[PDB]
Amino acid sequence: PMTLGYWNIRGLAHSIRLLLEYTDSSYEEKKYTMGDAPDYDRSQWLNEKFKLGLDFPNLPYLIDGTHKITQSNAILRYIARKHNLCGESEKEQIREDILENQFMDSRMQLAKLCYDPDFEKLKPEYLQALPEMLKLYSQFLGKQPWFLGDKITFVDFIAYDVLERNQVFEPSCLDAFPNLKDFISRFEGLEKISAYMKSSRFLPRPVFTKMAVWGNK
């Protein structure tokens, strides 16, 4: 019944798909396929982009009855609120807001590099600064099993996505941080998540769109 539209890629829909699975949500996916170089045909999407009743047509989008939502963050919060998967206390909300935006910045840093034609030259510099960024996430998490504390919330799904994808970009980046590796293991260990990663529906690749220099396939 619920419809999740996005490109046939991991991208910004990864956290959403994982959350919908964890919450045992009833949904189907409308997958759009972008054409390859040099045209990068987006007609499949453009043909129905303005016919879905979306206020700000974009991908990903979630349709749930009269509720038509865009903006990955808004979609995650929407689903999470339906299952009590958001911060409750003032402190929990603060941590939630900070991380949501921080992770988005980290996500953009990786994306900017991966879409840069000079990807090769700029990569050494990225991996250089990566331990610094990871250290901050490691310090914030501490000995808590999840980012807001004892209870898993939506940011943990955003957290898993950016961290695990940095691990795919560079296999050894999380070595120095046991709690970050334990976090990944713990998330992938969850019943619903483990089952999903084993199913045919799991879509870990390609990481980015066909227009990417890295992660395009």
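Start at 1 with the first residue shown and count on from there. The term rigid core refers to the maximal set of C-alpha atoms that superpose within 1.5 Å between the two forms.
Across the superposed structures in 6 other deposited structures of this protein, aligned by the core, the stretch whose Cα atoms lie more distant on average is 30-38, chosen from 160-168 and 30-38.
Look at the C-alpha B-factors of 7-15 and of 204-212. On average they run higher in 204-212. The PDB entry records a higher mean C-alpha B factor for 124-132 than for its counterpart among 124-132 and 101-109. In this structure the maximum Cα B-factor among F157, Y40, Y32, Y27 is found at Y40.
Out of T153, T70, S185, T66, the entry records its largest CA B-factor for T66. When the CA B factors of the chain's modelled residues are split into thirds, the value for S89 lands in the middle one. When all modelled residues of the chain are sorted by CA temperature factor, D36 is found within the highest third. In the deposited entry, the Cα temperature factor of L190 places it in the middle third of its chain's modelled residues.
Ranked against the other modelled residues of its chain, the C-alpha B-factor of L148 as given in the entry falls in the middle third. Placement of the Cα temperature factor of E164 within the chain: lowest third of the modelled residues, per the deposited record.
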